[PDB]
Every structure is written in structure tokens, then in C-alpha cells.
Amino acid sequence: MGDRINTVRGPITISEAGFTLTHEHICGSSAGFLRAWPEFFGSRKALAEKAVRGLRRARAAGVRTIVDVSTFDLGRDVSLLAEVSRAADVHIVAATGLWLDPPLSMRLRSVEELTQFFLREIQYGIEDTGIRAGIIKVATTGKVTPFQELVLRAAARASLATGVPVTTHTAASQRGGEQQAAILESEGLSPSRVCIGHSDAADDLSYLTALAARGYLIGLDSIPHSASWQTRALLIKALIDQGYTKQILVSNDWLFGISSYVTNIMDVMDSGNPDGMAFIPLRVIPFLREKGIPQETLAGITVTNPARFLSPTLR
Amino acid sequence: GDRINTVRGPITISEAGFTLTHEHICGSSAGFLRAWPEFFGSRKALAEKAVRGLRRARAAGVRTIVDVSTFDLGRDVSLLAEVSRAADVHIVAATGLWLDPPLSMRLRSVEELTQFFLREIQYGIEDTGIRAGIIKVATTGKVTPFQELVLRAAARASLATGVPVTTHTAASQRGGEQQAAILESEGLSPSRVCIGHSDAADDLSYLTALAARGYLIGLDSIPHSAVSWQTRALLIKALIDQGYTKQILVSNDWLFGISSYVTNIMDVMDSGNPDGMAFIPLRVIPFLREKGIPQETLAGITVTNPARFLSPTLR
Ligand SMILES: C[As](C)(=O)[O-]
Ligand SMILES: C[As](C)(=O)[O-]
Ligand SMILES: [Zn+2]
Ligand SMILES: [Zn+2]
Ligand SMILES: [Zn+2]
Ligand SMILES: [Zn+2]
């Protein structure tokens, strides 16, 4: 809080975070799936070793902290997160919230009940681990459904109660952040607590600048998903040129295992981006400096902006 | 079949005794009990309630229950083993899939689902070494394409292990007929299959035609009408009078906690049926005796039929 954020190894001071990737995943899965069917990923051991190798390579490239925005329904296994964080010596911030696959036991809950679930994971711990979430992740479809609106209100109330930020999954093509922002502001949530994710898939700079002008963080968090990735990277330069350097968060949205998709999509992605989570420091950062963006600006985006974002702020 | 697998290890068929073939400790979602135990008061409170309820059923003669909670109903086999030990009631655990599969299950091929069911039967559930003794499948309507994949994977896992298949369907739609067609297309003998929720049938001829084909008929939700239950119970006598006593399985389809529905539904259900899982022995058995059914027939329904069904059989 304030001076410190929760990680899966415990609280760290904001200065320790360093180069932070604010939207990543160790595993994209489903609640209970890794523990019920680890051989889907070869084995749990095989999956953890893959994640440790990849995190160590991102660390070599300068990454010091990642935010795993896998929720309960993305199969978040915070014991796996802690194992790989410790072995890679990379800070991992865990998430609460709900993505696009809530089971019935979540889909039938009230906004008050969802609020208590998010407060439990932030304030008490996830499962029986004592590991606390440092961010609340919400996904909506283009047109926000009734249940998704409940999740956003619960996220806003939990963020207002704890100071931890909210990060969203959007369809940038449907300008979904505008619906999300309206709801979140209807609860009194400051835009400076909110990242509008998957924004690098947008064909509408005006949509991005208007949100940034309101104080939202712009998650250009899927750049290596292109990947033309050069065109998506230029959105970073575009927002810098308009005076919104401080509103930019950059990430890879990479994963080391995937079960919530057609089998073998992980291999396809690995042949496309062998850098994995190292893609931002190894490719995008030098691309931007080559375009004349000063080093101090890039340090602001990769260190200072996440630190201001992740630092529990306001109420 | 000699032995059947339970949550405390293998037992001999004679040890099973009076067996309720369709029950639940908890109706939930994958990962939910471990993520949000306070939804049930606490894990300890749910466990103590389940132990008291199973001890009640045991005092009324029950020696074994089949918990047909699947992965996606939030089956927690460690909870089942704890309550089974404390109540001294055998519990048989289930694999398969019910009506709430997450994305990581919905996107699997029939061959992949077959490997998952086989893992839970032949190796164990999660990391517990507890092996499933039945395969539970649910369908809706005329069966969806994915539900057909589950039925075929269930038949293949049954054919390789001898473990039986038990289904959820809508008797009002005669949904057992579509299930039977698919399972028979795979080569599975009807004597390995229980068509469940059949006591919701308004049509005796639908059940007779299935029984005459060799299916087990799951008259498994009698006290749900108590929330007329005697009318449902008469389907038991009707099938007895038609000569199909050998095809009858009876149960309560009760639960001690429920999160996959509206909040406090468990309170409504407990006030409607305070007998819980003892409803079958304390209400339905005496009712059938007063209607003239002899002891030998009732013992055949509650002991012999579940033994033959659960005994792993390929011959
Ligand atoms: C599985 As995704 C939209 O969060 O990268
Ligand atoms: C979990 As049910 C109501 O299908 O027995
Ligand atoms: Zn997303
Ligand atoms: Zn993501
Ligand atoms: Zn059912
Ligand atoms: Zn059931």
C-alpha cells in the first residue's frame, strides 16, 4: 500500500519493481484445469520450467516485474506463480477479478457478493496461500453484458476500498473502453486507477487519445501478437507525440501454456515470437529509441508509469 | 469387477451395501470451494454438515453413496475423502463433464476428452491418487455437438476400464433416447449405462422401452418434487410391476452445499426436505412397503442393482 505493492513473494517497495510488464500470463487456462489435467501441458514440471526459462530471459533483457493478469476463470494458479517467480527472481503481481469464462458459481453472484470475493483476494489472500492480489482484472465483450457490468461495479468498489488498480480486456475495434469507463466512473472510480487493455489492436487513435486525455492508462499490451508489430509500436510514439507519455503502459500479453484455445496454439505463438516476454525490451524499446524517442521517456513508460499505476492510490 | 474404487481406496462389491447411486457433497464449480470457501460459511462448516448428513443416511441403512459431481461441478475429492472417513460411509467419485464445462474443456477433441476421463479412472484425480468409479455425462435437448463428444469419450473410457456411465437428461424431452443412440453407436452395452433424472418422466412408456433395452433407469431425484414425490415414487412400483426391477436405481440427488445456483437455494431445499439423503430410506422405502413391495425386491433395488452396475464389467 502507498509505498508497497503485493507480489507473489510478498510485498515489495515500488522502487524494487523496475522495468515492469503490466499485462502477461504464466498460463492461460481455466479454474482447476492445471491441477486436474497437468499432462495437457506435458506436465506441471515441464510448464514451470518453461516459464522459469522465459522469465529469466526477460530478466536478462532488463525486466524486473511482471503483472500476471490471469483471473480465477483463466485458471490462475498462484502457487505456480510463486514457484516460477522465486526461481526466475522476477517479481510477479497476481490478479483478482473475472475474465470472459466465469463458471455458474460466479455468473449467478450479485455485485455485493463479487465485491466480497475481490476484497478477499486483495486483503486476505488467494485460496489458502496468503498470496494477495495487486490488481483487479475485468473483461467485457464489445457490448458490455449485464453480468459484465456487475463485475465492473464490483471491481470499482474493491479498487475504491483498497487502492489497487483495475485493468481491462476490451475489443479496441469496438471501442469497448468507452463503455467500461462510463460504468467505472458511475461508481466514482478515478480514471488514473484504470488501464484499458488490448488497445494496440485499435484502428482509432482518436479513441485512444480521448481516453488518455481523461487520465486512463492505455494498454498497448499485445504488441507481439501481430507479429505488423511495427505499426502497433507506432501507437506508442503517436501518444507520446500528443503529450500523453504518462498514460502509456506497454506489455507482451505472452503466455507459457495455453489450454483455453485450440490445441497447439502455444507452439504457433512461439514460432512467431521466440523472444516471448523479452519482446518489449529487446525489440520495441530500441525501435522507439531509433525513432528518436529519448531514453528518459522510455524509462518513464516502463518504470515510472507502472509504479504510479500499481501503487495503491486514493482510497 | 471384484473391486470398486472409492475415495478411501478399493472395496469389494459385498462391502458396498445399500448404495445411493446419484448424490453430491457439494454442487459447485471447478476451483470454487478452494477460492471462496466462505461462500459456504467455511470449508470446515460444509464438511461438518456433510458428515452429519451422511451419518444420518448411515443410521437409515445407507453404506455407500456415488458422488456424481464432475470436474465442472466443482468436485473436491479431498473433501469427499475427509467426509467419507468421518462419517464411515463409502463414497465413489466421478469423472466426466456436466453442463458447465469451461473453455479449456469445451475446445477439446473427443480423443483429448477420452484421455482426461481415462486419467481420472486409471491414474487418479488431480494429485490425490483417488480414482473415479463412474463417468457422469449431462446433455440438453437433442444433445449439442460438444455434448456428443463427451458421450463418445465417456463410452470409450467405459469400454477401456469397465467403469459405468451415468447420465443427466431431460425426461420430459425423452432425452435418454438420443443418449442411448450415441452410446450404442460406440459399442457400449446398455447394461453399463444409467439414464438419470428419469423420475421427472411423465411418460412411463419412455422408461419401459429403455429398461427393456437393458438400460438402468435412474429414479434419482424423488425429494426434489418435495421442495408430488409419491407420484414419482410410483414409477418405481410401475417398473417393478412390469418386470424390470433389475433395471431400477433409486437416489435423492441431494447436496450439502450449492454455489452453482442462486444464493440460499440450499436453505430452501433443506426446509423442503429436512431428511436430506435419508429421504430414500426414511420415506420412499416405507411408502413402497405399504404399497405391497416385498423386502427381497427392495433389497434387490438398493443393494444388488448398484453392485452389478458399479462392478467394473467388460464381460
Ligand atoms: C487470452 As487473452 C485476451 O487475455 O491474451
Ligand atoms: C447437479 As443436478 C440438479 O443436475 O443433479
Ligand atoms: Zn484479454
Ligand atoms: Zn491477457
Ligand atoms: Zn443432473
Ligand atoms: Zn446430480
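First the proteins, then the strands, lettered A, B, ... as listed; each starts at 1. In what follows, every heavy atom counts, from backbone to side chain, and hydrogens, waters and symmetry copies are set aside. Both counts, for ligands and for their atoms, begin at 1 and track the order of listing.
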Item to complete: Run the salt-bridge test on B/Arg34 and B/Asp76 with the 4.0 Å N-O cut-off and return the result as yes or no.
Response: yes

Worksheet item: For ligand 1, which atoms, with element, lie under 4.0 Å from some heavy atom of A/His25?
Response: 4 (O)

Discussion item. Any nitrogen or oxygen of B/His224 lying under 3.5 Å from a nitrogen or oxygen in ligand 2? Just yes or no.
Written reply: no

Item to complete: Fit a plane to each ring of B/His197 and B/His22, take the angle between them on a 0 to 90° scale, and name the class: parallel (under 30°), tilted (30 to 60°) or perpendicular (over 60°).
Response: tilted

Practice prompt. Compute whether any side-chain donor of one residue and acceptor of the other, for A/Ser260 and B/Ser104, lie under 3.5 angstrom apart.
Written response: yes

Worksheet item: What protein heavy atom is closest to atom 2 (As) of ligand 1, reported as residue, atom name and distance in Å?
Response: A/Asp253 OD2, 3.9 Å

Worksheet item: Just which atoms of ligand 2 are under 4.0 Å from any heavy atom in B/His22?
Response: 5 (O)

Item to complete: Using a strict cut-off of 4.0 Å, indicate which atoms of ligand 2 neighbour a heavy atom of B/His197.
Response: 4 (O), 5 (O)

Worksheet item: So, do B/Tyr215 and B/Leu207 sit near enough that their side-chain heavy atoms are less than 4.5 Å apart?
Response: no

Fill in: Region of A/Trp99 engaging ligand 1 - heavy atom pairs below 4.0 Å
side chain

Fill in: Residues B/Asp275 and B/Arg56 bridged, charged N to O under 4.0 Å
yes

Worksheet entry | Atoms in ligand 1 flagged as close to A/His169, the criterion being non-hydrogen separation under 4.0 Å | 3 (C)

Discussion item. Counting backbone and side-chain atoms alike, is an N, O or S atom of A/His23 positioned under 2.8 Å from the Zn ion (ligand 4)?
Written reply: yes

Worksheet entry | Gap between atom CG of A/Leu220 and atom CG of A/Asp253 - 0.5 Å precision | 12.0 Å

Discussion item. Using side-chain contact (heavy atoms from CB on, under 4.5 Å), reason through B/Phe32 and A/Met106 one step at a time and then give a plain yes or no.
Written reply: CA-CA 9 Å; B/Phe32 188 89; A/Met106 292 296 184; 4.0 Å; yes

Item to complete: Angle at the Zn ion (ligand 4): provide the value between OD1 of A/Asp253 and NE2 of A/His25, rounding to 10 degrees.
Response: 80°

